[PDB]
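Peer 1: Take a look at this one; I'll ask things after.
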Protein chains: 4
Amino acid sequence: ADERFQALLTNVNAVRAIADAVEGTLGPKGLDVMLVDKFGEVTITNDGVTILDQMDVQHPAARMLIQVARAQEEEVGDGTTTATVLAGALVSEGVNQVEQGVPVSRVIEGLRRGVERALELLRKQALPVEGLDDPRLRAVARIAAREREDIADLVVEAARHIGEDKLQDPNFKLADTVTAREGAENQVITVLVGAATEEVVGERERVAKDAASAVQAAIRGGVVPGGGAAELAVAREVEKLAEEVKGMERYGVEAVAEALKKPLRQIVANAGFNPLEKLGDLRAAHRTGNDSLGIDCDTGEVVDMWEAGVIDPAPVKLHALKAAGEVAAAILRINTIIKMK
Amino acid sequence: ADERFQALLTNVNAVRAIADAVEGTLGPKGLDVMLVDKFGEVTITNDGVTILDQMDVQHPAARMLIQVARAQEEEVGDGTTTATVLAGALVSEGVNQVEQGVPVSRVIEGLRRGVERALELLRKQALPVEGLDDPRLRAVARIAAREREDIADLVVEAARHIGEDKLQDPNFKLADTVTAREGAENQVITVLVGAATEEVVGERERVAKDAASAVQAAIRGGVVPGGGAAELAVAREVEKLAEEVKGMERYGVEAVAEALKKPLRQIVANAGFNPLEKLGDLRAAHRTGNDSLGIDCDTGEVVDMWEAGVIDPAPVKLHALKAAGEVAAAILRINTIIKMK
Amino acid sequence: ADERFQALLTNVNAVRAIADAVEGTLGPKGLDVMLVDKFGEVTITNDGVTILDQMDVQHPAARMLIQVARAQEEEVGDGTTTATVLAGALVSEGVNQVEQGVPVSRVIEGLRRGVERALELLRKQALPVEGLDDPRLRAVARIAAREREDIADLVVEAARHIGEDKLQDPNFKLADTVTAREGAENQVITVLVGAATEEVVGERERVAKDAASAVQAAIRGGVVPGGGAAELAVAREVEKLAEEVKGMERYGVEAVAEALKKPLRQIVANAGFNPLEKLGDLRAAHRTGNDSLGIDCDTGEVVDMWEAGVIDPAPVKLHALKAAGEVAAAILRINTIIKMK
Amino acid sequence: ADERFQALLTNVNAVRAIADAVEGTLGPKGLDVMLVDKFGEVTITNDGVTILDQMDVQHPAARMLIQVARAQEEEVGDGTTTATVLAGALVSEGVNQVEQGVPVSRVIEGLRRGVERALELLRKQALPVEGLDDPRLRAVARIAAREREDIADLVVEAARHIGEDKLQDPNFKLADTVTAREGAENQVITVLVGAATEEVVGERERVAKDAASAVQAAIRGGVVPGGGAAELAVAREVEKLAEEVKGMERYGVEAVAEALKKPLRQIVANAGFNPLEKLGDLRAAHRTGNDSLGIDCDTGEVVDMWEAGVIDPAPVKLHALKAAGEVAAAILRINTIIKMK
């Protein structure tokens, strides 16, 4: 019986290691990682899609988390860091509950329903955007642009150049229509992203792709309050369902409720504030009945996220949460480790 | 800085060790404790008063807890076990919150307000007695008599002889009017408590005092749905206070919210049941708007505590929680250890 | 003499180890197992057919168990995991009896007679299916298809198309008449099973044959209550046998009696409930004289097996118990281990 | 949690060691025990009272068992060995069930109900004696007299001298009226028991009192098939009850059912036969439905105990089983050890 738990705990540590490396890059004030080789080259990066693509993974269970994370990229092309962090948080809280005495099978079925209601509420709370002239598209473009307005303006201009129904096509991907060249300017003709030298093209094309996918998802799925505020808004209701669920199976719902707060906690931690008090003081304005406010990362004061302009696409967070729940369930479902024939 | 926390942990572990050796006697299906000497004498007792009286204490933090608990006993003559267990839980999760990074003063000042609202709501939940012929006095005598009916009837029979307005006299302690003699019968004259042999006189005398004090308090303060149900009922509202309180300080209100679960948790655990599943399944019937429901100690089925016939006095629980809060606040405040002259 | 028993004990622990690896996959809420290579590839599988194919078996006592398990798979293509988890229980209880002082040769014939009367009573308890219009066909198809109704419907829709006497042909195998192709829909023309991608065909083709074999076995041998309830039912009759067998040899009949409870015990354990408490109350529900009372696998309350709708074919369990008896007999007779040229 | 169980295991081993030190003296072919000192003085004896009154006890769990076992002697004056061995078996099986996962409080109440049930069936099964000249009164004195008829005959000769109603009172016991003097012949004047030398007076007086108590009990409450047959008779009924108890509580009832077989197991083991086979062929002979079959101590052939004459009085066995159940419960309750002032 201890060996079965040790099998799960060994897999959990592999997942937590992947989340540990990529959870420091969350939010608008994230931190970058160092990637080194035996030959000695360096790759400074803060975009998690590059971190997961260019990380040495040897433990068998870690590969599944990256597989789902890049499946999300195949879907819409953004939000892999959030999915990895949520999956790590879910698995960590699940193993914490199992160590408390809950059987793993009960935690899995609790986690399933918790993620189900969380997706339901995130879908409900997503507010649609009225036309491409709305400033919320500028807001969601700037945040995907790493707070560089020069790239941000040319993607939103291109979006209004194309149109609404042409953007609604599911067979068309805007990320295939972005190209970056060196020594050029920023304009739309297929858009051209200017770069200084050849080495600057690689990251500029990446951020152009990210902004393209953000504005792509914004029109179809609407708008959700970013910065982890939506996660807290759904976490409160998931806790209500945890009080609603009967039996030992509820403690998976509590695990989903706690795991949903990890994005906001890591955003405030990366912003250079103490998470445990900034999470406490954030609950003051959540008593007012409005569930669209969080914390800004520059002054540490509680402010509503519509006015602050910290916005996230609805499909990115919805799919990130779905993938995180699916992989957390899949990695919790393992009980034994065996060597092949 | 670690030395200031190290001194807190040693104070905590002394308090915890007192509670771990007393908490097993809580509830109707409690278990006894064996006490040994260098001479090897045996003292089998399940009453917390005697175990706390005769137990060796060397760590100064432990002495304060039993001084507070026995002053509580000097007040009304019962409830020391519940107070000690509650103090242990409060101190344990006080240090648990500090381990997470919360400052100690914030936890202290959160414990203060949590205990304040818990006392207020336990006062408001206490239901008064409608005359002394009410069967709930039979119930509160029966639980105080270790579920032995021969002691349960004579204390209520004597009490109805005394009356009411003579019973509310604060200078009158009814537990001083009990005397047990070997080989006698059961009657009032002074309630004469029969016993088989001389050695049996001590435990019967102690049980007579316990039942006498229970019925004494039942008229003064009314009744509360016991078995840990009332502490759960006020724990829910203390959790609402925690969601109402601002800043880092709210983590102490959460500590009070959890510490009120420990009596019911350890009542269920001592019954031979899994406390996790039974605490999970007990929140179902609390959604109906009623807050007077608990769990039985024989079948494991969730039943209403008024009809289940398990009731405890109001002042005993009130003052036990007050003493537990006061001693938790007094013991979390210490930060350093120095030798004297 | 110690060497003879030690040479047996090393054989038992091999059958125990291979049984332990697949015991977690039993039941509708089973847990998957990952199979790592030297090169690091992984196969997540919850079916017991594949885990035995793709695992090292170096201690040759396990080779006999895998050989007889796949030999069992050859007739009716299902229930190999039940066969090996019953074999492990029988062998473990037999060696436990041998530890008490019973010689092995007595336990061998006790096992023989107990398994014989267990086969007799599990055959008798089987209830024939009323045509192909009976919804028990849907019930037995859904369970074999991992509780996925989309694949469950097509197998029984085809089975309607084949007929009664054409399915009753012993030389005709309907598991060869199921084929899976990627990118297609589900229809019967040959049963075509749809799949998303090429990698999804590998598992869909497997579960198609499993579901096909379930409905094939159902017509031949009728229906038996699943979830381990039938093994619990025949266990009591084996216990009644044990009191009738004269001499030291009966204790093998006790080994059969205790081993037949292992399926229900492990299905309950994998479900996330306590096996002892949830198996004790089952026999308390057997007072009515009916032998179908089993346990639901998400609420944990005892429920009559037929009405829950989770039901398993009769011949698969018949031959699984026969194979478990054959291998438990075969392994126990091995007393010495030596080498060749 | 481990310490609470380890505190029980040290208490269990003390009881087991006491029972293990007097288990070989049970039955008509019992084996003596050698006591030693620092001075080297030694006493050879097989009367368990003379061992338990003299062997050294330092673990306080053993002193309670000897206290209640000698209280049984104070009540009647015989059957202390069976009380001790039953207490040991009950405690050993209680801890065996706690090892599996049953909480101690559940086993405790299961044991309580099992012992109450066993007392009820022994009360029913104990048939009365028809007059004083019935040969079973000769037989009970014979077994009480270490299979020597010289002491047995004078006891029944005195018993007819006193009278039936004179024996019926509780205020008078003829265990005190027996007196042994050296150099005297066997006659009654005061039952004068002859002895060879002064040293022979001690054990002869002791066995005279034992035989006196045996025939006291025989008229007082009748007779019960001894040699362990009656405990096997009631153990089947306790096993039948075990299947009716709901939930986790039953495993105490199974412990009571098993612990009642330890008496006959030890009579057979001390006799020089394999207990496991001679229990199987005994329970295989109970097909007729009668509850008087046992095993003879000279040939090992299964015979009815009435014809063999091996008989034991009813009240001694009833009180021994009651004391064994009470002490097993009271030693199972203990879960924590502390040093006192």
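Here's how to read the names in the structure tokens: chain A, B, ... by the order shown, residue numbers from 1 in each chain, ligand numbers from 1 in the order shown.
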Can you list, as an MDAnalysis selection string, every residue of stretch 1-131 of chain D that DSSP puts in helix (DSSP H, G or I)?
Peer 2: chainID D and resid 2:20 48:52 60:75 80:100 104:125
Peer 1: Neighbouring residues of residue D:49 were defined as those with any atom within 10 Å, considering only C-alpha atoms; residues of the same chain fewer than 2 positions away were excluded. Please report them as a list in words.
Peer 2: residues 22, 45, 46, 47, 51, 52, 53, 54, 66, 69, 70, 73, 77, 78, 79, 80, 81 and 206 of chain D
Peer 1: Looking at only C-alpha atoms, which of B:3, B:291, B:37, B:109 is the one that sits closest to residue B:256?
Peer 2: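 For residue B:256, the nearest of the candidates is B:109.
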Peer 1: For stretch 298-301 of chain A, list every protein, DNA or RNA residue within 10 Å, evaluated using only C-alpha atoms, and leave out those in the same chain fewer than 6 positions away; present the list as a PyMOL selection string.
Peer 2: chain A and resi 28-29+268+271-274+278+281-282
Peer 1: May I ask you to extract the residues of chain B within 7 Å of chain D, using only C-alpha atoms, and to give them as a ChimeraX atom specification?
Peer 2: /B:21,31-37,40,42,54-56,270-272
Peer 1: What parts of stretch 265-313 of chain C does DSSP call strand (DSSP E or B)? I'd like the answer as a ChimeraX atom specification.
Peer 2: /C:293-295,302-304,311-313
Peer 1: Hey, can you spit out that residue selection with N, CA, C and O atoms as a CSV table (one decimal), in the first residue's frame?
Peer 2:
```csv
chain,number,residue,atom,x,y,z
C,293,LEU,N,-27.2,-9.6,-3.8
C,293,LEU,CA,-26.9,-8.3,-3.2
C,293,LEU,C,-25.4,-8.0,-3.3
C,293,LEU,O,-24.6,-8.7,-2.8
C,294,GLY,N,-25.2,-7.0,-4.1
C,294,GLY,CA,-23.8,-6.5,-4.3
C,294,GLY,C,-23.7,-5.0,-3.9
C,294,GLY,O,-24.5,-4.6,-3.1
C,295,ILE,N,-22.7,-4.3,-4.3
C,295,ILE,CA,-22.3,-3.0,-3.8
C,295,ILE,C,-22.2,-2.1,-5.0
C,295,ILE,O,-21.5,-2.4,-6.0
C,302,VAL,N,-25.1,-0.7,-0.4
C,302,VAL,CA,-25.4,-2.1,-0.9
C,302,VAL,C,-26.7,-2.0,-1.7
C,302,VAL,O,-27.7,-1.4,-1.2
C,303,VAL,N,-26.7,-2.5,-2.9
C,303,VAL,CA,-27.9,-2.5,-3.8
C,303,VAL,C,-27.9,-3.9,-4.5
C,303,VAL,O,-26.9,-4.5,-4.9
C,304,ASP,N,-29.2,-4.3,-4.8
C,304,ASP,CA,-29.4,-5.5,-5.5
C,304,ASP,C,-28.8,-5.4,-6.9
C,304,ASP,O,-28.9,-4.4,-7.6
C,311,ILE,N,-23.6,-5.9,-14.8
C,311,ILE,CA,-23.7,-7.4,-14.9
C,311,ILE,C,-22.7,-7.9,-15.9
C,311,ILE,O,-22.3,-7.2,-16.8
C,312,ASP,N,-22.2,-9.1,-15.6
C,312,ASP,CA,-21.1,-9.7,-16.4
C,312,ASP,C,-21.4,-11.1,-16.9
C,312,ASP,O,-22.2,-11.7,-16.2
C,313,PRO,N,-20.9,-11.5,-18.0
C,313,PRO,CA,-21.3,-12.8,-18.6
C,313,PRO,C,-20.9,-14.0,-17.7
C,313,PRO,O,-20.0,-13.9,-16.8
```
